[PDB]
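# What the coordinates show
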Amino acid sequence: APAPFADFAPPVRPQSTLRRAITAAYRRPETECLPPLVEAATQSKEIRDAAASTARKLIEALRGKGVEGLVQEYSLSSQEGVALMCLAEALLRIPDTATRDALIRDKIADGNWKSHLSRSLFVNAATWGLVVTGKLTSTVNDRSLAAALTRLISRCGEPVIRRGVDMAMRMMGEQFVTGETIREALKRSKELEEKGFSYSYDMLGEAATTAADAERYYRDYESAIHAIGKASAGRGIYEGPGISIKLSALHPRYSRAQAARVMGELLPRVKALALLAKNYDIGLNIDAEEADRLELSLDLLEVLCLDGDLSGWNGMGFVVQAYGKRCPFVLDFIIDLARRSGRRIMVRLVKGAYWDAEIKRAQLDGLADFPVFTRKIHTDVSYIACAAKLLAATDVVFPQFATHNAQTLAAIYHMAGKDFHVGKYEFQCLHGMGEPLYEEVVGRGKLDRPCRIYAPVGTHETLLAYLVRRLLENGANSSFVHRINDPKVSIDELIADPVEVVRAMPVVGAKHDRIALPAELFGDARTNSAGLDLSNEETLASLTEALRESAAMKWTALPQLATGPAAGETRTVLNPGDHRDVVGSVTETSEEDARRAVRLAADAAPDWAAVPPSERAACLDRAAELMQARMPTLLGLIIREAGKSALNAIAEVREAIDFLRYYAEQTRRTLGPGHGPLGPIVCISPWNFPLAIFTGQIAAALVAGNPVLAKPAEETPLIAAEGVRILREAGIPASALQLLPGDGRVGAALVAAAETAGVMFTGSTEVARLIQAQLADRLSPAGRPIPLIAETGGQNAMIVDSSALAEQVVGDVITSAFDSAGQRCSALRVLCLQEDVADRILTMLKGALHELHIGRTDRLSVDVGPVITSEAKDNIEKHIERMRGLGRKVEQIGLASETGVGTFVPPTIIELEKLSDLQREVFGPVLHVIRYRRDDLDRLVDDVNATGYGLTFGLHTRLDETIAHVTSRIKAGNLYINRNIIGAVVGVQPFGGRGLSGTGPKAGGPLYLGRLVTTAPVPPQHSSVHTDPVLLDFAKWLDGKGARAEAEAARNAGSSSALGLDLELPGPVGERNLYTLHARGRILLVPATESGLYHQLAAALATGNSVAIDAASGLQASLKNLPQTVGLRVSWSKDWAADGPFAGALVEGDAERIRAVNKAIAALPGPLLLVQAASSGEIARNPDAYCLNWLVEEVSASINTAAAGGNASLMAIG
Ligand SMILES: Cc1cc2nc3c(=O)[nH]c(=O)nc-3n(C[C@H](O)[C@H](O)[C@H](O)COP(=O)(O)OP(=O)(O)OC[C@H]3O[C@@H](n4cnc5c(N)ncnc54)[C@H](O)[C@@H]3O)c2cc1C
Ligand SMILES: O=C(O)[C@H]1C[C@H](O)CN1
Ligand SMILES: O=C(O)[C@H]1C[C@H](O)CN1
């Protein structure tokens, strides 16, 4: 039995002093990075004057010497220009020229283009939008583009189509790429090579998703090296052409978490390519990618440069990104490696291509700081400082200064001084972008310095995949190329010296004012939880030790009553990934002690309610600080007791911290003396989030003033006991928080106890239904139903159309379906693929499936851990085998023999014919896949809704018409557009669904605390200026019947309702997080009196709902001659079970009537109804007898606005 965490994340090699200096700088404060860069980049006044003169001369030449001319000739609007280029792109998908010209002449020009051109014409319109307008719009208004295309064709005919086709052909064949193939690119390179330029070819591959993809990119690089080497014809690595590669293209799991596979499988591939480049004597450059891949790539560079089989060749090259805080330290490492190996490493200094993605990622992950600068001028100073370091080492490395910025260029030209020879250093630029500048540099008649052109090579499909990111390199508001084209920017502005500008700022190196540190994402409202960087070797080393220490601890969980720990039956808790690993011991609660616990909580209820809300919130904030400090140890317990990966354990502890701080802040915003506690609340928590949901339910109940009986899942008591220890240490009294470990007998006794005043349950729908039936037997002392918040499963779908990017889809599907072994309630269960792209995406999905590592989760390399119990495993496998036996196609990964000691299910893909083939939630790593025809999209949405669930839902599309259609018709609580569907963030995507998925209100949202008090407060931001029009028609009808008081109450309900609330919640960059209040659906009305019915109807209509009114009330004659608008919303029900599903209920009657109706409602099949009851007298006395908070439905929508390849808002931040 391997020792826990003994092999968690060992580094590829011991970290040298130089390597440790790199890691130390990963997230160094920006104010600390800049001063040494300013010093290194300083030059004499004479040089600064000379450089500014050279920069001015270059800029004057640039300003002194396609799409815009076409837009001008045909008087096109922006949208017409975009639509025309999309049409041209589509016409170029037609291979035969004569067939294309005939279609243009005979079909496209004369009328309907739609009739002749499964795939929207406008799939890539975000890219063409950048080309035409210079602005990035993340999604495509395809109806606007269709209108514009019809308009321009009907106005201008074939001539404009011809001009568009020829323009797109030139751009996609000669500007965005040097050529479609390496042979074509090589042919076109001779012209500028004769003028003194050189070339490095970029084959445009990246981000392999499957082994087959990586093999394809490998053979593409190999064939390109042959073509380039044959063409080089012995010119060598400086005069002759080279190749550039991306490591992410060569392996589907290129990450620090998979470092062993990277060194074992990726390294030999790079070696084989490098050996071929050595034989032809050409350059081979390793491009730089995301920040979390930098240090891993150094391990490959180290091995290759030390490998004697590559000796004698100086063509190995490596990019370093000056926007990165580690850049000078990376350069120190590379220069030393060059000295040790004797290889003259070609070092390409760039600024960096992934800036906005790095900002978003650091924010999402809650890390200490960014790994890149946040002010553009800081990157500029960094670049010049790093150029000074490189120019001092030209005997051991070959510096390659890639930049289009004439000020940067001039500074380095003068820094390098007067002595020059080919091979000392060079500049570099991008094909079809940097030549105007560098034609003022190359040649004896200019500055006599060489320039290497980075030349993309590929087909239209390949070049369009990441063209947005490339366009943003030179197209943002702070980009030199954008500014030189802006006439409002003077040459004096362009030649400003960033080194001296930074030196003179008040605070040198200050973070950009408009970019929030991850900790400050929520500003003054609350402090964001902090995560851990699993790509940082210092973090991995310290975590390894903390995790090992956590596994040596004798974890226990006991019945912790108000009076002290109680005795009980004691058993061990075993690691689900390896039952030989005993995690701890649990003593379970007797039924007698559970009943005693409720009585003790009732006795203590006044003393806890008397603790002022601000002080209760302070306990929660203290507990959050304690959990943050304890995170490494908490990770270890979650990993071993609950079977989670480290990554998911971090996110869970973060969620617990976020719940504590969110409910504390919401309390500080709302709770006062009139919002009295319910009383003792029984909190029943699940094993799949045994810290986060455990903590969230309990923290909310406590901070609202209620003592808590905490019943954790039988499988996961240890983390629960630790959460209770932390809450008590933070100041929660033992009488206010009692822990009752055990099985369902304990939960049942707690629910049934007469003093239990409310229940918070997260778990299965079937158990929630049993709890509901027990609670319906009771009323509060006030004679009202006992509140139940019951959050249950989902049958969560994702719809993918032909405009989505397959690589993005597959990554989001693999994560959503198989993360946490599919044991998230949010997990993706049914993937729906548009028929035209289904086979391609399915092939990629199956290939990605087989790259997952399944095993015991005390290793960083494990992607999917065990399921929670043998019973869970057996249930899941029985489903898989039933599907297999029905002839459905089943794909499964093979499991290692080491899995036999635990309870594992392999990630599995099952292809179904129709959604209805799936009849039950399968709570494991099992993705079902269906296909749909585009015209059947609306029926498919019906099929998704038809399950009766409504928790999470995903949509991958670029098309606004499809977003509008699908999001308006889907009925789910948590929507996700162009991203995964898991990991809802407290206060950002408030979490919870409808129908069979939950009662609400949403956890991590602003209505939650109000359900835990007898009189609900007004939540922050909770209002709406919109009045339901059927409500208004009803109020007029009441006035016409003479029911003046009820008409006034109806108008007041119309105003009080928050239906229509539509907010954007603060969160990370590159995402829009929306929170909206809608109608719930059809509310069951059980009135007793005419006035009661009018009040019930007013409340339901003001919140946008329809109603079914109990026909047994005998009140039909009270609703004669309704306006048709109101009649459309009103039905009468004799058989309530036949007329559902309902989305809530309002009941009028005395206590006995309320109890009988509540029991009848619990018997209705389908969703658990949120029931509100009042007596006739309460309706007369209290305008809020029926609270409108519970008659609306919350919807969260999270849209990934960076999905098109970059962040439009961040293009303005420099
Ligand atoms: C030949 C060549 C090879 C390249 N190879 C790579 C590669 O392997 N890896 C890679 O990542 N990119 C690569 N690049 C791209 C390069 O990193 C730049 O993104 C791009 O060339 C524009 O920078 P600049 O010096 O041309 O112009 P500039 O307008 O001077 O600089 C723009 C750059 O400033 C930086 N920046 C913008 N805003 C901010 C901000 N608010 N805070 C901090 N920094 C900011 C960004 O890095 C941005 O790209 C390459 C570029 C060329 C020409
Ligand atoms: O569970 C317990 O009893 C304690 C002991 C150690 O501190 C880990 N938690
Ligand atoms: O899995 C998720 O999406 C979130 C929702 C719940 O709070 C548990 N974690």
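Helix and strand content of the chain: 43 helices and 33 strands. The C-alpha atoms of the chain give a radius of gyration of 33 Å, which matches the 33 Å a tight globule of 1214 residues would have. Taking the principal axes of the C-alpha coordinates as reference, the chain spans close to 100 × 75 × 65 Å.

Following both chains from N to C, one finds helix α7 (residues 125-133) and helix α20 (residues 467-475) inclined at 25°, their axes separated by 9 Å at the closest point. In terms of axis orientation, α7 runs roughly parallel to α20. In terms of crossing hand, the pair formed by α7 and α20 is left-handed. Facing α7, whose interface residues are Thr 127, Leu 130 and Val 131, α20 presents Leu 467, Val 468, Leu 471 and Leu 472. Classifying every residue of the contact of α7 with α20 gives six nonpolar, one polar and no charged.

This part is about the domain arrangement of the chain. You can read the domains of the chain as domain 1 (537-791) and domain 2 (797-1015 + 1199-1211). Between domain 1 and domain 2, the C-alpha centre-to-centre distance is 28 Å. Contact with domain 1, which involves 47 residues of that partner, is made by 44 residues of domain 2. With both chains or domains summed, domain 1 and domain 2 bury close to 3,600 Å², and 61% of this area falls on carbon and sulfur atoms.

This part takes up the site of ligand 1. Around ligand 1, 32 residues are found, and the nearest of them are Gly 352, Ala 353, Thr 379, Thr 403 and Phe 480. Within the backbone of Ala 353, one N or O atom sits 2.8 Å away from an oxygen atom of ligand 1. Across the complex, the protein chains shield 96% of the 940 Å² of accessible surface that ligand 1 would expose by itself. Among the secondary structure elements, those contributing two or more residues to the shell around ligand 1 are β4 (316-321), β5 (345-350), α16 (376-391), β7 (426-430) and α20. Tallied by class, the residues present in the shell around ligand 1 amount to 14 nonpolar, twelve polar and six charged.

Around ligand 2, the neighbouring residues are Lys 554, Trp 555, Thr 556 and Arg 725. The contact in question runs from an oxygen atom of ligand 2 to an N or O atom on the backbone of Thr 556, over 2.7 Å. Burial of ligand 2 by the protein chains amounts to 68% of its free accessible area of 260 Å². Its residues placed into classes, the shell around ligand 2 shows one nonpolar, one polar and two charged.

Here we come to a negative patch on the surface. A cluster of acidic residues, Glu 591, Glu 714, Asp 743, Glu 871 and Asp 874, forms a negative patch at the surface. Of note, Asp 874 is situated in helix α35 (residues 870-885).

Moving on: the sheet that holds strand β20 (residues 828-834). An order of β21-β22-β23-β20-β19-β24-β25-β33-β27-β26 is seen for the ten strands of this open sheet, with the pairing classed as mixed. The open sheet has two free edges, formed respectively by β21 (890-892) and β26 (1062-1065), since each of these has just one partner strand. For this sheet the average axis-to-axis angle between neighbouring strands, irrespective of direction, equals 20°. Bridge count between strand β25 (residues 974-977) and strand β33 (residues 1192-1200): four bridges; the pairing is parallel.

A separate point is the sheet that holds strand β29 (residues 1106-1110). Strands sit in the order β30-β29-β28-β31-β32 across an open sheet of five strands; the sheet is parallel. Strands with a single pairing partner mark the edges of an open sheet, and in this sheet they are β30 (1130-1133) and β32 (1171-1174). Sheet twist, expressed as the average angle between the axes of neighbouring strands with direction ignored, equals 20°. With four bridges joining them, strand β28 (residues 1082-1086) and strand β31 (residues 1144-1148) adopt parallel strand pairing. Looking across to β31, one finds that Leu 1084 is bridged to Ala 1145. Against the sheet, helix α42 (residues 1151-1162) touches β28, β29, β31 and β32, its axis set at about 155° to β31.

The rules we used
- Residues numbered from 1 in each chain as written, not as in the entry; some residues may be left out.
- Chains lettered and ligands numbered in written order.
- Heavy atoms only, no water.
- Residues with missing side-chain atoms left out of burial classes, pairs and counts.
- Helix = DSSP H or I, 4+ residues; strand = E, 2+ residues; numbered from the N terminus.
- Rg over C-alpha atoms; globule rule 2.2 N^0.38 Å.
- Axes fitted to C-alpha atoms, helices over the stretch in contact; angles between N-to-C directions.
- Parallel < 35°, antiparallel > 145°, perpendicular 65-115°, else oblique.
- Left-handed = near helix turned anticlockwise from the far one by under 90°.
- Contact = heavy atoms within 4.5 Å.
- Nonpolar A, V, L, I, M, F, W, Y, C, P; charged D, E, K, R; others polar.
- Domains from an automatic or database assignment.
- Buried area = accessible area lost by both parts, 1.4 Å probe.
- Near = heavy atom within 4 Å.
- Polar contact = N/O pair within 3.5 Å; in protein donor to acceptor, adjacent residues only side chain to side chain.
- Areas by Shrake-Rupley, 256 points an atom, 1.4 Å probe, with all protein chains shown as cover.
- Patch = residues over 30% accessible without salt bridge, like charges linked within 9 Å, V, L, I, M, F, W, Y side chains within 5 Å.
- Salt bridge = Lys/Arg side-chain N within 4 Å of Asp/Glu carboxyl O.
- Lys, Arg positive; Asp, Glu negative; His and termini not counted.
- Charge placed at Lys NZ, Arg CZ, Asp CG, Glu CD.
- Pairing = 2+ DSSP bridges.

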